[PDB]
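J.: Quick one: the structure is below, and I'll ask about it shortly.
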Amino acid sequence: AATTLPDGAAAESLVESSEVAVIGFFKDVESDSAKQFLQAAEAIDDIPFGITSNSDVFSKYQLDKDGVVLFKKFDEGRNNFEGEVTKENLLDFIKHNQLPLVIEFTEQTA
């Protein structure tokens, strides 16, 4: 489930509340692009998912339009979801954000 962030004040405190946390920036949470977000968020419950359509949260990360990104303390610290917004894609972004690689196998392909 995703929480309701009032403004950028929560976007910064959220990432601090837990090591792994994500926050989307949808301009029309009542649209379809937002529906998939919550649905895909319902999959994981241990992660503090957050979502807001305010403007102070958008101008914060300089977002000319809507966009969903994740927030973590390790690795880079920020991400940038692309392609289209869909439950199948969201579950991939998350799993692709937190949890770094692993010393095992070597992707035998090339």
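By order of appearance in the structure tokens: chains A, B, ..., then residues from 1 within every chain, and ligands from 1 in the order shown.
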DSSP on the backbone, then: every residue of chain A marked strand (DSSP E), written as a ChimeraX atom specification.

T.: /A:2-4,20-25,49-52,67-72

J.: Taking N, CA and C atoms for each residue, export the selection above as a PDB file, in the first residue's frame.

T.:
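As written to disk, part.pdb reads:
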ATOM      1  N   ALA A   2       0.414   2.312  -0.613  1.00  0.00           N
ATOM      2  CA  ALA A   2       1.221   3.565  -0.645  1.00  0.00           C
ATOM      3  C   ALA A   2       0.633   4.599   0.320  1.00  0.00           C
ATOM      4  N   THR A   3       1.470   5.341   0.992  1.00  0.00           N
ATOM      5  CA  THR A   3       0.960   6.365   1.948  1.00  0.00           C
ATOM      6  C   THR A   3       0.672   7.680   1.216  1.00  0.00           C
ATOM      7  N   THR A   4       0.044   8.612   1.876  1.00  0.00           N
ATOM      8  CA  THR A   4      -0.262   9.914   1.215  1.00  0.00           C
ATOM      9  C   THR A   4       0.697  10.996   1.717  1.00  0.00           C
ATOM     10  N   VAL A  20      14.807   1.308   2.863  1.00  0.00           N
ATOM     11  CA  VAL A  20      14.248   1.247   1.481  1.00  0.00           C
ATOM     12  C   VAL A  20      12.864   1.900   1.441  1.00  0.00           C
ATOM     13  N   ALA A  21      12.659   2.813   0.532  1.00  0.00           N
ATOM     14  CA  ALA A  21      11.333   3.488   0.433  1.00  0.00           C
ATOM     15  C   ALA A  21      11.153   4.075  -0.968  1.00  0.00           C
ATOM     16  N   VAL A  22       9.952   4.071  -1.479  1.00  0.00           N
ATOM     17  CA  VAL A  22       9.727   4.621  -2.839  1.00  0.00           C
ATOM     18  C   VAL A  22       8.651   5.708  -2.800  1.00  0.00           C
ATOM     19  N   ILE A  23       8.726   6.649  -3.696  1.00  0.00           N
ATOM     20  CA  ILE A  23       7.708   7.736  -3.730  1.00  0.00           C
ATOM     21  C   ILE A  23       7.407   8.112  -5.181  1.00  0.00           C
ATOM     22  N   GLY A  24       6.184   7.964  -5.603  1.00  0.00           N
ATOM     23  CA  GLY A  24       5.844   8.310  -7.012  1.00  0.00           C
ATOM     24  C   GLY A  24       5.410   9.772  -7.098  1.00  0.00           C
ATOM     25  N   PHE A  25       5.371  10.308  -8.284  1.00  0.00           N
ATOM     26  CA  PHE A  25       4.949  11.729  -8.456  1.00  0.00           C
ATOM     27  C   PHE A  25       3.890  11.813  -9.556  1.00  0.00           C
ATOM     28  N   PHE A  49       5.685   2.488   0.718  1.00  0.00           N
ATOM     29  CA  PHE A  49       5.404   3.151  -0.589  1.00  0.00           C
ATOM     30  C   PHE A  49       4.690   4.485  -0.351  1.00  0.00           C
ATOM     31  N   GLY A  50       5.049   5.510  -1.077  1.00  0.00           N
ATOM     32  CA  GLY A  50       4.383   6.828  -0.879  1.00  0.00           C
ATOM     33  C   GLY A  50       3.994   7.412  -2.240  1.00  0.00           C
ATOM     34  N   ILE A  51       2.945   8.189  -2.290  1.00  0.00           N
ATOM     35  CA  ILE A  51       2.522   8.779  -3.592  1.00  0.00           C
ATOM     36  C   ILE A  51       1.845  10.137  -3.377  1.00  0.00           C
ATOM     37  N   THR A  52       2.153  11.099  -4.204  1.00  0.00           N
ATOM     38  CA  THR A  52       1.525  12.444  -4.054  1.00  0.00           C
ATOM     39  C   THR A  52       1.424  13.145  -5.398  1.00  0.00           C
ATOM     40  N   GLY A  67       6.068  11.121 -12.697  1.00  0.00           N
ATOM     41  CA  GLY A  67       7.211  10.169 -12.798  1.00  0.00           C
ATOM     42  C   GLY A  67       7.359   9.409 -11.480  1.00  0.00           C
ATOM     43  N   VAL A  68       7.740   8.162 -11.540  1.00  0.00           N
ATOM     44  CA  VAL A  68       7.899   7.376 -10.282  1.00  0.00           C
ATOM     45  C   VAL A  68       9.372   7.001 -10.072  1.00  0.00           C
ATOM     46  N   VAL A  69       9.899   7.286  -8.913  1.00  0.00           N
ATOM     47  CA  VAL A  69      11.324   6.949  -8.627  1.00  0.00           C
ATOM     48  C   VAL A  69      11.418   6.264  -7.259  1.00  0.00           C
ATOM     49  N   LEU A  70      12.506   5.602  -6.972  1.00  0.00           N
ATOM     50  CA  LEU A  70      12.625   4.925  -5.650  1.00  0.00           C
ATOM     51  C   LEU A  70      13.674   5.638  -4.793  1.00  0.00           C
ATOM     52  N   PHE A  71      13.655   5.428  -3.505  1.00  0.00           N
ATOM     53  CA  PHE A  71      14.636   6.107  -2.628  1.00  0.00           C
ATOM     54  C   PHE A  71      15.343   5.089  -1.727  1.00  0.00           C
ATOM     55  N   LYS A  72      16.647   5.058  -1.761  1.00  0.00           N
ATOM     56  CA  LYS A  72      17.392   4.089  -0.906  1.00  0.00           C
ATOM     57  C   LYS A  72      18.617   4.762  -0.281  1.00  0.00           C
TER      58      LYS A  72
END

J.: Excluding segment 88-104 of chain A and any residue of its chain fewer than 3 positions from it, enumerate the residues within 10 Å of it, using only C-alpha atoms, and give them as an MDAnalysis selection string.

T.: chainID A and resid 19:22 36:41 43:44 47 68:85 107

J.: Write the residues of the selection above to a file with C-alpha atoms, as a compact mmCIF listing (two decimals), in the first residue's frame.

T.:
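What landed in selection-v5.txt:
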# COMPACT_ATOMS: atom_id res chain seq x y z
CA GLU A 19 16.37 2.05 4.55
CA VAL A 20 14.25 1.25 1.48
CA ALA A 21 11.33 3.49 0.43
CA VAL A 22 9.73 4.62 -2.84
CA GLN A 36 -1.36 0.39 -11.44
CA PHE A 37 0.97 2.04 -8.89
CA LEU A 38 -1.18 1.17 -5.86
CA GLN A 39 -2.03 -2.27 -7.27
CA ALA A 40 1.67 -3.03 -7.85
CA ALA A 41 2.42 -1.53 -4.42
CA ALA A 43 2.31 -6.67 -3.62
CA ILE A 44 4.92 -5.60 -1.04
CA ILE A 47 8.17 -1.18 1.98
CA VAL A 68 7.90 7.38 -10.28
CA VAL A 69 11.32 6.95 -8.63
CA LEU A 70 12.63 4.93 -5.65
CA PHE A 71 14.64 6.11 -2.63
CA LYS A 72 17.39 4.09 -0.91
CA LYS A 73 20.34 4.78 1.42
CA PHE A 74 22.80 2.42 -0.29
CA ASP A 75 24.04 2.46 -3.92
CA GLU A 76 23.40 5.70 -5.80
CA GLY A 77 20.39 6.62 -3.63
CA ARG A 78 17.96 7.65 -6.40
CA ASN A 79 16.53 6.01 -9.55
CA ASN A 80 14.34 6.93 -12.53
CA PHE A 81 11.48 4.70 -13.76
CA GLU A 82 11.00 4.90 -17.55
CA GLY A 83 9.00 3.02 -20.23
CA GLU A 84 5.28 2.80 -19.35
CA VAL A 85 3.78 2.55 -15.84
CA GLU A 107 24.55 -15.00 -16.47
